2 protein chains.
Amino acid sequence: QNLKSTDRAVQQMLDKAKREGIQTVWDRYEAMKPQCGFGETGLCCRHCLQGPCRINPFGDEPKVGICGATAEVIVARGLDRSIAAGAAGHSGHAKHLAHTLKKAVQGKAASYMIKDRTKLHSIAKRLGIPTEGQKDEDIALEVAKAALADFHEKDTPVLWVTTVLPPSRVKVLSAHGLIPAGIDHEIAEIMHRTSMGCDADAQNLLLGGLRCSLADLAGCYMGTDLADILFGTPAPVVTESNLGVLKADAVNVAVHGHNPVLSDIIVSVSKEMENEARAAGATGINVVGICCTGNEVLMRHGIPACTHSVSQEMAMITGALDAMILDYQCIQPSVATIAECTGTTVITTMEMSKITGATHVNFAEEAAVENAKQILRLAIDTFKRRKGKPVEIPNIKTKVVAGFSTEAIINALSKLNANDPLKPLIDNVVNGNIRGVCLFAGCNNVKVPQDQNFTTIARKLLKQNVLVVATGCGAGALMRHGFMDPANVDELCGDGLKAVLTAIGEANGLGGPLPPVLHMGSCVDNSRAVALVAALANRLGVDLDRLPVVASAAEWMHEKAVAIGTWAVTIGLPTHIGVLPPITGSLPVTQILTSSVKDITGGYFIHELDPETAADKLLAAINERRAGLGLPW
Amino acid sequence: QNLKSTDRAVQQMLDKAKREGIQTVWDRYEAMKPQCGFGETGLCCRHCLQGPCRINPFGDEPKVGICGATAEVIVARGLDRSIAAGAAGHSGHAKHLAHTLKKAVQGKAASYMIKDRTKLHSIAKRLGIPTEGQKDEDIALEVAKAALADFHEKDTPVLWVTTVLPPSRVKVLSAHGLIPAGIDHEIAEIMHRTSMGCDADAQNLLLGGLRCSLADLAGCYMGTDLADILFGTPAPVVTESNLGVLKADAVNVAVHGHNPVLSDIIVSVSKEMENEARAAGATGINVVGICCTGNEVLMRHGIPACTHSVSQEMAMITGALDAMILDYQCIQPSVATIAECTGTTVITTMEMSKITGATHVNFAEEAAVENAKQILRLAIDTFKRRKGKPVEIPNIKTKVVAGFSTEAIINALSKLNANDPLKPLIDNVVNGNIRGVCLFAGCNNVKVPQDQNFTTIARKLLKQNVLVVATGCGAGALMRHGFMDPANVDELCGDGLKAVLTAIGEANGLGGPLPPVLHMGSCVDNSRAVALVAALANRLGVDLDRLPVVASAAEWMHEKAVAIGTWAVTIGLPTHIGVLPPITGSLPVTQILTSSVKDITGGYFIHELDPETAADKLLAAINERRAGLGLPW
Ligand code: SF4
Ligand code: SF4
Ligand code: FES
Ligand code: FES
């Protein structure tokens with residue numbers, strides 16, 4: 001099972017699933033081999049009913065699509081549609097939060113409120129919304145209206161791009177025509193230009209994709225902003241991760257998906273029903289997190305993280321998961337079928353994301369508490385049905401310190417330098433104690449033994465004094481393998497990095513270091529990493545493509561991650577990816593994305609399937625940035 | 001060549017292309033056989049990087065996607081993305097026209113203006129925009145702002161749906177949650193819900209697709225409305241069609257694509273440069289139409305139609321096409337390569353639709369006349385380079401009467417009944433002189449011998465007294481085969497239909513009948529057919545799903561046509577399609593689209609590849625509608 005996942009709890013559940021005859025994502029992957037090479041290389045098009053068209057990577061015909069579309073056009077159109085689909089997910093998430101904030105401040109959903117007033121006021125100031133002499137409710141109404149206005153064309157471009165990046169970066173992007181005009185406007189323009197008989201020039205197509213990736217960045221940043229207003233900005237928290245966080249004697253309830261608009265309410269209400277859970281034979285309600293909704297409630301409330309991404313079915317296989325409460329994105333629809341065998345109640349909550357065979361509860365903000373109680377009572381019923389059944393919860397978990405929002409990181413640094421908090425971090429970059437910064441982001445992917453790339457790359461970078469930050473299922477991989485436990489700083493970190501983590505932690509009263517990797521939150525919270533490095537760029541007076549900062553989507557899968565990787569390149573970062581997207585069928589497109597885009601944005605993709613080689617390539621990229629600043633390396 | 005196209009001019013050019021070694025769409029189709037059966041059946045998914053996934057239609061594994069997505073989910077997600085892409089094209093077209101109208105009435109593009117004041121005022125009244133005491137420029141500004149507001153969520157739903165359909169139809173759709181909230185909002189929601197780990201219930205997915213198809217209908221109707229304001233509502237015109245409209249001694253200039261925002265200007269300016277063309281050895285500038293931009297200028301100015309859709313390369317093969325001026329949609333990118341062999345200057349004009357190897361001229365409304373002159377002068381240069389070269393223009397053309405906007409049809413009927421113009425048409429439906437109405441719409445498709453389905457079906461329906469209306473490349477097929485020549489009424493039409501066409505034509509002073517088929521314009525002008533049958537429904541006091549009205553997308557290809565076919569079903573029409581979309585891999589999805597959707601909208605798809613059978617099925621559908629009204633059949 002170690003060829004399937006490097007997580008020992010996951011291996012144990014894979015053995016249970018095998019002896020019980022329950023098919024897993026890994027079994028369905030094996031059943032798909034050999035996968036289609038036209039699709040793997042990108043040389044397939046279904047954009048009209050004259051198709052499907054394909055192109056042989058090498059050899060004889062077919063050499064061109066029926067309409068005349070070349071390999072370069074077919075590959076670029078497919079990639080653009082992936083970016084648009086990712087943008088549509090992150091911005092659908094943000095849009096829902098904008099509507100929730102509007103409802104809350106109009107008096108229409110009393111379960112929601114302005115929890116972070118300081119964040120509200122700073123966002124308003126960032127956007128140019130007046131604060132002086134205005135009620136908080138009116139300021140928030142203005143912020144929500146601004147959020148919704150960024151989805152369509154108006155007199156200004158998308159402010160959740162233009163107000164969040166360094167001004168020199170906005171100027172470079174504007175010169176290339178890359179600033180989005182409206183989030184949904186760009187998504188639709190991608191769908192139009194990639195339809196049959198439309199854009200047929202690879203460079204033109206890819207420039208559009210870069211612009212649409214910035215629409216995705218805007219949705220990410222808007223989602224983080226709005227979730228912080230509504231639910232609180234994260235601050236450092238201590239919790240646990242992996243399947244051992246489930247409790248045989250408790251009602252185990254997983255929140256799963258991405259938008260925490262209901263799961264934050266699930267967390268609050270579950271506490272109020274401890275007595276009702278005790279009447280039914282449980283110690284209480286044990287809410288646990290899967291995927292990014294789990295990251296949201298871990299970051300804000302220290303809810304323990306059960307599992308992530310590719311291994312999500314394994315939580316059910318324990319027999320102890322009484323309910324799995326779904327919103328949208330990254331939910332394997334197999335969970336609805338597996339629930340019959342495991343007894344778990346799978347509940348969908350969003351009108352646009354239903355799964356056949358799952359129970360649906362129509363969540364509405366105005367009725368959020370009622371909804372959480374109806375849902376949680378289905379879970380309590382389920383816990384009672386499994387009275388006196390054996391469960392197999394692997395006794396495996398790690399300690400996790402998390403909650404490193406950008407505000408929290410700046411605050412931690414301020415204990416070393418109150419009036420210039422970024423300076424101690426920059427001081428240590430310049431002197432070599434910190435070699436650079438790497439963001440790990442994105443999913444797991446069944447093609448890669450689970451977590452193998454994240455942990456192999458992270459280990460090498462930490463030994464070379466790289467400050468490592470992580471989001472999404474990259475943070476999930478690292479937390480499940482101990483990278484967020486400060487007890488592992490001695491083992492994992494080079495002496496320079498250890499010195500800095502210790503100095504910061506000791507100034508924060510911890511008597512011990514910050515953890516080896518800083519968890520910055522969910523996938524939308526990749527925007528927090530942008531805010532951090534944008535602040536660093538502005539303090540140094542340079543653009544992001546001169547900083548020793550790189551990213552690695554080491555095991556990526558989702559269209560959302562393709563969008564994130566593309567905006568990382570667009571804002572100027574060397575961006576490693578550990579699974580090839582469907583681009584190898586076009587050498588011209590591959591050359592743009594890995595080389596010549598440098599001349600446009602200063603970023604570039606680094607394609608490397610071997611994680612040891614990937615770490616060497618990321619260190620090389622960091623060290624070239626150091627050299628361009630005149631720093632030793 | 002008659003297996004490739006039923007058009008004799010196209011056959012002649014296929015022989016020339018073969019002896020000159022020029023590859024055509026038909027050659028590229030042959031080179032693609034056998035096409036992938038997974039893609040043909042819809043059983044392929046590439047929505048994440050764990051793919052590509054496929055499902056065997058029958059037999060052993062693979063049976064399910066890697067994430068657990070079933071065949072039903074995979075097929076429904078793919079179809080939904082096709083509908084969203086079509087909506088993005090039609091509404092991108094409409095959005096561009098909305099911006100053009102706004103620029104014109106703000107004094108920013110003097111080459112554009114309010115040409116149809118009556119249409120402006122009726123659209124304003126339809127939307128609830130006040131007209132009394134307002135300048136036309138301010139009314140138009142309000143209409144343009146309303147058009148742009150329908151792209152995003154607001155306090156009202158999409159008004160270019162809710163104000164254009166019968167109220168009972170709006171109520172049925174609203175009860176099922178099918179009214180779009182915003183055009184680009186729906187496109188993005190489709191992209192989100194169909195991304196990995198999101199919507200996984202076929203019925204839920206398909207309901208979303210029906211809603212997004214109504215966003216497409218809104219874009220079509222908005223595009224027709226705005227183009228009529230800016231360029232004039234069509235009225236009956238007489239012109240010609242087929243390759244014989246090219247002239248060896250003239251500068252032959254094709255306008256090709258969909259948005260006539262520049263080609264209408266091309267038509268005006270070309271007249272002003274007749275003298276400049278005469279200096280270079282030509283008789284003048286002969287502007288001809290390809291595809292829907294050609295339909296737009298045919299409908300408004302009687303510009304002759306050169307060719308359409310699948311056969312567009314053949315116009316170049318004559319050797320006499322000096323320039324082909326492109327905007328977007330349905331342009332085979334092969335034209336840029338074929339131009340090297342034929343001498344044609346291929347010019348792109350829109351930033352989001354470029355073709356490698358074509359010359360680009362950045363069109364801007366503010367500089368429209370300058371742009372048309374720069375473009376037309378490239379064409380005059382090209383005509384001079386082919387001095388003393390042999391050209392092979394097939395001496396083949398038909399007479400075309402066209403320009404039947406809904407306003408023109410109502411006006412023609414008003415000569416029989418001034419105060420109740422629809423009554424004479426209804427009178428003849430009730431008495432059997434008109435059996436019903438069929439709209440032919442959509443593309444040609446290389447899988448079908450060109451025009452064979454349109455003409456075979458139309459011939460049978462006309463003999464059975466069906467009033468036939470046509471748009472897009474369905475109108476192109478019928479015009480090229482004589483169906484728009486009133487001299488063919490005796491041959492083609494049953495006695496009842498002939499009586500009505502003659503009575504209407506004689507009351508309109510023609511001394512002769514209306515043509516056998518009424519050309520209602522471009523693909524967006526399918527909205528005109530909606531306006532006509534909506535008016536008929538309102539006059540009879542019933543909904544569209546009780547009228548003897550059907551549609552046939554007999555040779556369809558583009559994602560835009562998939563969207564149109566889907567909204568035809570959604571508004572209540574039996575809708576024949578002559579090429580199977582990628583749905584046969586899921587029996588549950590096929591059953592929804594061909595049967596059970598009747599219980600939702602009253603419309604349904606009729607899947608029939610055999611055009612003689614299709615005509616029988618369409619007549620059966622018409623006759624069942626007649627029976628439901630108590631009419632003889
Ligand atoms: S758009 Fe072109 S390449 Fe794609 S399926 Fe249609 S004919 Fe084939
Ligand atoms: S979304 Fe599911 S079915 Fe589609 S490629 Fe990804 S794993 Fe395969
Ligand atoms: S031929 Fe396999 S992905 Fe299309
Ligand atoms: S396997 Fe051929 S279309 Fe994907």
# chains A, B, ... in the order shown; residues from 1 in each chain; ligands from 1

call {"tool": "interface_residues", "arguments": {"of": "chain B", "to": "chain A", "cutoff": "6 Å", "atoms": "only C-alpha atoms", "output": "JSON, numbers by chain"}}
result
{"B": [25, 28, 29, 31, 32, 39, 48, 49, 52, 62, 66, 67, 68, 85, 88, 89, 184, 188, 191, 192, 196, 197, 198, 199, 200, 201, 328, 329, 330, 331, 332, 333, 334, 353, 354, 355, 356, 557, 558, 559]}

call {"tool": "residues_around", "arguments": {"residues": "residue 618 (chain B)", "least_positions_apart": "4", "cutoff": "8 Å", "atoms": "only C-alpha atoms", "output": "PDB file with N, CA and C atoms, in the first residue's frame"}}
result
ATOM      1  N   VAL B 550     -42.246  23.367 -34.515  1.00  0.00           N
ATOM      2  CA  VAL B 550     -41.110  22.489 -34.248  1.00  0.00           C
ATOM      3  C   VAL B 550     -39.862  23.156 -34.805  1.00  0.00           C
ATOM      4  N   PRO B 574     -40.636  20.677 -29.791  1.00  0.00           N
ATOM      5  CA  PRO B 574     -40.003  19.445 -30.289  1.00  0.00           C
ATOM      6  C   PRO B 574     -38.893  19.849 -31.244  1.00  0.00           C
ATOM      7  N   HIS B 576     -35.730  18.589 -33.529  1.00  0.00           N
ATOM      8  CA  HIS B 576     -34.989  17.540 -34.206  1.00  0.00           C
ATOM      9  C   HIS B 576     -33.514  17.917 -34.321  1.00  0.00           C
ATOM     10  N   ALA B 614     -36.669  11.732 -40.191  1.00  0.00           N
ATOM     11  CA  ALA B 614     -36.782  12.981 -39.438  1.00  0.00           C
ATOM     12  C   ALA B 614     -37.995  13.794 -39.868  1.00  0.00           C
ATOM     13  N   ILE B 622     -45.764  17.879 -35.190  1.00  0.00           N
ATOM     14  CA  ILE B 622     -46.707  18.930 -35.566  1.00  0.00           C
ATOM     15  C   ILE B 622     -48.144  18.434 -35.426  1.00  0.00           C
TER      16      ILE B 622
END

call {"tool": "select_by_dssp", "arguments": {"residues": "region 337-556 of chain B", "states": "alpha helix (DSSP H)", "output": "compact mmCIF listing (two decimals) with N, CA and C atoms, in the first residue's frame"}}
result
# COMPACT_ATOMS: atom_id res chain seq x y z
N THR B 337 -3.91 29.06 -43.78
CA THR B 337 -2.96 28.24 -44.52
C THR B 337 -3.31 28.16 -46.00
N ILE B 338 -4.60 28.02 -46.31
CA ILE B 338 -5.03 27.91 -47.70
C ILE B 338 -4.74 29.21 -48.44
N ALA B 339 -4.73 30.34 -47.72
CA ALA B 339 -4.49 31.63 -48.36
C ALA B 339 -3.14 31.69 -49.06
N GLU B 340 -2.13 30.98 -48.55
CA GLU B 340 -0.84 30.96 -49.23
C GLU B 340 -0.97 30.41 -50.64
N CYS B 341 -1.77 29.35 -50.82
CA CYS B 341 -1.94 28.75 -52.13
C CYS B 341 -2.91 29.52 -53.02
N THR B 342 -3.89 30.23 -52.45
CA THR B 342 -4.90 30.85 -53.30
C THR B 342 -4.67 32.33 -53.53
N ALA B 368 -13.63 53.14 -37.12
CA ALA B 368 -14.18 52.10 -37.98
C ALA B 368 -13.96 52.41 -39.46
N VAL B 369 -14.19 53.65 -39.88
CA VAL B 369 -14.00 53.99 -41.29
C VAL B 369 -12.54 53.86 -41.71
N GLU B 370 -11.63 54.40 -40.90
CA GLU B 370 -10.21 54.22 -41.19
C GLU B 370 -9.86 52.74 -41.31
N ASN B 371 -10.38 51.91 -40.40
CA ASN B 371 -10.08 50.48 -40.44
C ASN B 371 -10.59 49.85 -41.72
N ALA B 372 -11.83 50.15 -42.09
CA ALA B 372 -12.39 49.59 -43.32
C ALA B 372 -11.57 50.00 -44.54
N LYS B 373 -11.02 51.21 -44.54
CA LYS B 373 -10.24 51.64 -45.69
C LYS B 373 -8.87 50.97 -45.73
N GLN B 374 -8.21 50.83 -44.57
CA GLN B 374 -6.97 50.07 -44.53
C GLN B 374 -7.19 48.64 -45.00
N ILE B 375 -8.27 48.01 -44.54
CA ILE B 375 -8.56 46.63 -44.91
C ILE B 375 -8.84 46.53 -46.41
N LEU B 376 -9.75 47.38 -46.90
CA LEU B 376 -10.16 47.32 -48.30
C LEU B 376 -9.00 47.63 -49.24
N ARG B 377 -8.02 48.42 -48.79
CA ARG B 377 -6.86 48.71 -49.61
C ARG B 377 -5.91 47.52 -49.69
N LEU B 378 -5.83 46.71 -48.62
CA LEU B 378 -5.14 45.43 -48.74
C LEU B 378 -5.81 44.54 -49.79
N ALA B 379 -7.15 44.59 -49.85
CA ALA B 379 -7.87 43.80 -50.85
C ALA B 379 -7.59 44.31 -52.26
N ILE B 380 -7.56 45.63 -52.44
CA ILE B 380 -7.29 46.17 -53.77
C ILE B 380 -5.88 45.80 -54.22
N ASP B 381 -4.91 45.89 -53.32
CA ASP B 381 -3.57 45.38 -53.63
C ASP B 381 -3.65 43.94 -54.13
N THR B 382 -4.42 43.10 -53.44
CA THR B 382 -4.48 41.68 -53.78
C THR B 382 -5.08 41.46 -55.17
N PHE B 383 -6.15 42.20 -55.50
CA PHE B 383 -6.74 42.10 -56.83
C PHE B 383 -5.73 42.42 -57.92
N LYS B 384 -4.84 43.38 -57.67
CA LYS B 384 -3.83 43.74 -58.66
C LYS B 384 -2.79 42.63 -58.82
N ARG B 385 -2.43 41.96 -57.73
CA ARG B 385 -1.45 40.88 -57.83
C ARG B 385 -1.95 39.71 -58.66
N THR B 406 -39.27 39.45 -37.88
CA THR B 406 -40.62 39.27 -37.37
C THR B 406 -41.47 40.50 -37.64
N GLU B 407 -40.87 41.70 -37.57
CA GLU B 407 -41.61 42.91 -37.92
C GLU B 407 -42.05 42.86 -39.38
N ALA B 408 -41.19 42.37 -40.27
CA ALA B 408 -41.57 42.27 -41.68
C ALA B 408 -42.69 41.26 -41.91
N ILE B 409 -42.69 40.15 -41.17
CA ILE B 409 -43.71 39.13 -41.35
C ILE B 409 -45.05 39.64 -40.86
N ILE B 410 -45.05 40.28 -39.69
CA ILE B 410 -46.27 40.90 -39.18
C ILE B 410 -46.76 41.96 -40.15
N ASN B 411 -45.85 42.75 -40.72
CA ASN B 411 -46.30 43.77 -41.67
C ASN B 411 -46.92 43.14 -42.91
N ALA B 412 -46.31 42.06 -43.42
CA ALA B 412 -46.86 41.39 -44.59
C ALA B 412 -48.25 40.84 -44.31
N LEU B 413 -48.44 40.25 -43.13
CA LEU B 413 -49.75 39.73 -42.75
C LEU B 413 -50.77 40.85 -42.55
N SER B 414 -50.31 42.02 -42.09
CA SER B 414 -51.22 43.12 -41.83
C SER B 414 -51.93 43.59 -43.09
N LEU B 422 -51.83 38.79 -36.89
CA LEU B 422 -51.56 37.37 -36.73
C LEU B 422 -52.77 36.52 -37.08
N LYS B 423 -53.97 37.10 -37.06
CA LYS B 423 -55.16 36.29 -37.29
C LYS B 423 -55.18 35.57 -38.64
N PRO B 424 -54.81 36.18 -39.77
CA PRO B 424 -54.80 35.42 -41.02
C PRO B 424 -53.88 34.21 -40.98
N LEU B 425 -52.73 34.32 -40.30
CA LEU B 425 -51.87 33.15 -40.19
C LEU B 425 -52.54 32.08 -39.34
N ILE B 426 -53.07 32.47 -38.18
CA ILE B 426 -53.76 31.50 -37.34
C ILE B 426 -54.97 30.89 -38.06
N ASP B 427 -55.72 31.72 -38.82
CA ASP B 427 -56.86 31.21 -39.58
C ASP B 427 -56.46 30.06 -40.47
N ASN B 428 -55.31 30.19 -41.12
CA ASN B 428 -54.84 29.17 -42.05
C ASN B 428 -54.21 27.96 -41.35
N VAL B 429 -53.69 28.13 -40.13
CA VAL B 429 -53.33 26.96 -39.33
C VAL B 429 -54.57 26.16 -38.98
N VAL B 430 -55.63 26.86 -38.54
CA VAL B 430 -56.84 26.20 -38.07
C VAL B 430 -57.54 25.47 -39.20
N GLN B 452 -27.72 17.98 -47.35
CA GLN B 452 -28.61 16.86 -47.64
C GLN B 452 -29.78 16.77 -46.66
N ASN B 453 -29.53 16.94 -45.36
CA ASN B 453 -30.63 16.86 -44.41
C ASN B 453 -31.58 18.05 -44.54
N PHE B 454 -31.04 19.28 -44.58
CA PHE B 454 -31.91 20.45 -44.70
C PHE B 454 -32.84 20.32 -45.89
N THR B 455 -32.30 19.97 -47.06
CA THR B 455 -33.15 20.01 -48.25
C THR B 455 -34.13 18.84 -48.27
N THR B 456 -33.69 17.66 -47.85
CA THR B 456 -34.58 16.50 -47.83
C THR B 456 -35.75 16.71 -46.87
N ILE B 457 -35.46 17.19 -45.66
CA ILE B 457 -36.53 17.46 -44.71
C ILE B 457 -37.43 18.59 -45.19
N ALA B 458 -36.83 19.69 -45.66
CA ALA B 458 -37.64 20.84 -46.08
C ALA B 458 -38.59 20.46 -47.21
N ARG B 459 -38.12 19.66 -48.17
CA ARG B 459 -38.97 19.26 -49.29
C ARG B 459 -40.22 18.54 -48.81
N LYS B 460 -40.06 17.59 -47.89
CA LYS B 460 -41.21 16.83 -47.38
C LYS B 460 -42.17 17.73 -46.61
N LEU B 461 -41.63 18.62 -45.78
CA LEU B 461 -42.49 19.46 -44.96
C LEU B 461 -43.29 20.43 -45.82
N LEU B 462 -42.65 21.02 -46.83
CA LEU B 462 -43.34 21.96 -47.71
C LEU B 462 -44.47 21.27 -48.46
N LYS B 463 -44.24 20.03 -48.90
CA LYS B 463 -45.32 19.29 -49.57
C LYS B 463 -46.48 19.01 -48.64
N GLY B 472 -29.36 31.21 -40.08
CA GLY B 472 -27.99 30.74 -40.04
C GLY B 472 -27.64 29.93 -41.27
N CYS B 473 -26.90 28.85 -41.05
CA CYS B 473 -26.46 28.03 -42.15
C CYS B 473 -27.53 27.07 -42.63
N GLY B 474 -28.62 26.90 -41.86
CA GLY B 474 -29.81 26.27 -42.40
C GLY B 474 -30.44 27.14 -43.47
N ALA B 475 -30.53 28.45 -43.22
CA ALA B 475 -30.96 29.36 -44.27
C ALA B 475 -29.96 29.36 -45.42
N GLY B 476 -28.67 29.26 -45.12
CA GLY B 476 -27.69 29.18 -46.20
C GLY B 476 -27.90 27.97 -47.09
N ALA B 477 -28.11 26.80 -46.48
CA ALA B 477 -28.33 25.58 -47.26
C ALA B 477 -29.55 25.75 -48.16
N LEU B 478 -30.64 26.26 -47.59
CA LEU B 478 -31.88 26.36 -48.35
C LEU B 478 -31.79 27.43 -49.43
N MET B 479 -31.12 28.56 -49.15
CA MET B 479 -30.99 29.57 -50.20
C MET B 479 -30.15 29.05 -51.37
N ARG B 480 -29.08 28.31 -51.10
CA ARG B 480 -28.22 27.82 -52.18
C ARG B 480 -28.89 26.75 -53.02
N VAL B 489 -42.16 28.10 -55.91
CA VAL B 489 -43.30 27.79 -55.05
C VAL B 489 -44.16 26.68 -55.64
N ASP B 490 -44.40 26.71 -56.96
CA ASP B 490 -45.22 25.69 -57.60
C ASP B 490 -44.63 24.30 -57.42
N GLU B 491 -43.32 24.17 -57.65
CA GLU B 491 -42.63 22.89 -57.49
C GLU B 491 -42.67 22.39 -56.05
N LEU B 492 -42.37 23.27 -55.10
CA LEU B 492 -42.01 22.84 -53.76
C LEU B 492 -43.19 22.73 -52.81
N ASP B 495 -50.57 22.62 -51.85
CA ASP B 495 -51.58 23.56 -52.33
C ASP B 495 -52.02 24.55 -51.26
N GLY B 496 -52.22 24.08 -50.02
CA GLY B 496 -52.60 25.00 -48.95
C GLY B 496 -51.55 26.06 -48.69
N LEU B 497 -50.29 25.63 -48.55
CA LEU B 497 -49.21 26.59 -48.31
C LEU B 497 -49.05 27.53 -49.49
N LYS B 498 -49.14 27.00 -50.70
CA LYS B 498 -49.05 27.85 -51.88
C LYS B 498 -50.15 28.91 -51.86
N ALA B 499 -51.35 28.51 -51.46
CA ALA B 499 -52.45 29.46 -51.42
C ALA B 499 -52.14 30.61 -50.46
N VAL B 500 -51.55 30.29 -49.30
CA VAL B 500 -51.28 31.32 -48.30
C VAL B 500 -50.11 32.19 -48.72
N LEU B 501 -49.01 31.57 -49.20
CA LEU B 501 -47.89 32.38 -49.69
C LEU B 501 -48.32 33.31 -50.81
N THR B 502 -49.20 32.84 -51.70
CA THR B 502 -49.68 33.65 -52.81
C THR B 502 -50.57 34.79 -52.32
N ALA B 503 -51.52 34.46 -51.44
CA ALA B 503 -52.41 35.48 -50.89
C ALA B 503 -51.62 36.57 -50.19
N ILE B 504 -50.64 36.19 -49.37
CA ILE B 504 -49.85 37.20 -48.69
C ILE B 504 -49.04 38.02 -49.70
N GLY B 505 -48.38 37.34 -50.64
CA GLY B 505 -47.57 38.06 -51.61
C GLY B 505 -48.39 38.99 -52.48
N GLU B 506 -49.59 38.56 -52.86
CA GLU B 506 -50.44 39.38 -53.73
C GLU B 506 -50.95 40.60 -52.99
N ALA B 507 -51.25 40.45 -51.70
CA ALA B 507 -51.65 41.59 -50.88
C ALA B 507 -50.49 42.53 -50.61
N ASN B 526 -32.32 33.52 -34.59
CA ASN B 526 -33.27 32.56 -34.07
C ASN B 526 -34.18 33.22 -33.04
N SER B 527 -33.68 34.27 -32.38
CA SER B 527 -34.54 35.02 -31.48
C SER B 527 -35.73 35.62 -32.20
N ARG B 528 -35.60 35.95 -33.50
CA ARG B 528 -36.76 36.48 -34.23
C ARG B 528 -37.84 35.42 -34.33
N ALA B 529 -37.45 34.17 -34.59
CA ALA B 529 -38.44 33.10 -34.61
C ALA B 529 -39.12 32.95 -33.25
N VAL B 530 -38.37 33.10 -32.15
CA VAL B 530 -39.00 33.11 -30.84
C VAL B 530 -40.03 34.22 -30.74
N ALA B 531 -39.68 35.42 -31.21
CA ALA B 531 -40.62 36.54 -31.10
C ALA B 531 -41.89 36.25 -31.88
N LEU B 532 -41.75 35.65 -33.06
CA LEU B 532 -42.91 35.31 -33.89
C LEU B 532 -43.81 34.29 -33.20
N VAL B 533 -43.24 33.17 -32.74
CA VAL B 533 -44.10 32.16 -32.14
C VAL B 533 -44.58 32.59 -30.76
N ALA B 534 -43.81 33.39 -30.02
CA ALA B 534 -44.32 33.97 -28.78
C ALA B 534 -45.53 34.86 -29.07
N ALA B 535 -45.47 35.65 -30.14
CA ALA B 535 -46.63 36.47 -30.49
C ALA B 535 -47.83 35.60 -30.84
N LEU B 536 -47.60 34.52 -31.59
CA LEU B 536 -48.68 33.59 -31.92
C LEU B 536 -49.26 32.96 -30.66
N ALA B 537 -48.40 32.51 -29.74
CA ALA B 537 -48.89 31.94 -28.49
C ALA B 537 -49.75 32.94 -27.71
N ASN B 538 -49.29 34.19 -27.61
CA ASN B 538 -50.03 35.19 -26.85
C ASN B 538 -51.37 35.53 -27.52
N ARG B 539 -51.41 35.51 -28.85
CA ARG B 539 -52.67 35.79 -29.55
C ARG B 539 -53.67 34.66 -29.37
N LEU B 540 -53.19 33.41 -29.32
CA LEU B 540 -54.04 32.25 -29.06
C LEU B 540 -54.30 32.00 -27.58

call {"tool": "residues_around", "arguments": {"residues": "residue 17 (chain B)", "least_positions_apart": "3", "cutoff": "10 Å", "atoms": "only C-alpha atoms", "output": "ChimeraX atom specification"}}
result
/B:11-14,20-24,313-314,316-318

call {"tool": "write_last_selection", "arguments": {"atoms": "C-alpha atoms", "output": "tab-separated table (two decimals), in the first residue's frame"}}
result
chain	number	residue	atom	x	y	z
B	11	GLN	CA	-18.37	19.89	-55.96
B	12	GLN	CA	-16.62	21.84	-58.73
B	13	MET	CA	-14.25	23.49	-56.23
B	14	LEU	CA	-13.58	20.16	-54.55
B	20	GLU	CA	-4.13	21.38	-56.98
B	21	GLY	CA	-3.27	19.33	-53.87
B	22	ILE	CA	-5.08	21.68	-51.47
B	23	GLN	CA	-6.37	19.85	-48.41
B	24	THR	CA	-9.99	20.52	-47.43
B	313	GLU	CA	-12.71	27.13	-48.01
B	314	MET	CA	-14.22	26.64	-51.49
B	316	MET	CA	-10.88	30.72	-51.78
B	317	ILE	CA	-10.32	27.84	-54.18
B	318	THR	CA	-11.86	29.86	-57.04

call {"tool": "residues_around", "arguments": {"residues": "region 125-138 of chain B", "least_positions_apart": "2", "cutoff": "12 Å", "atoms": "only C-alpha atoms", "output": "PyMOL selection string"}}
result
chain B and resi 101-107+113-123+140-147+150+156-165+222+225+229

call {"tool": "closest_residue", "arguments": {"among": "A:309, A:293, A:508, A:465", "to": "ligand 2", "atoms": "only C-alpha atoms and all ligand atoms"}}
result
A:309

call {"tool": "closest_residue", "arguments": {"among": "B:605, B:43, B:386, B:283", "to": "residue 567 (chain B)", "atoms": "only C-alpha atoms"}}
result
B:605
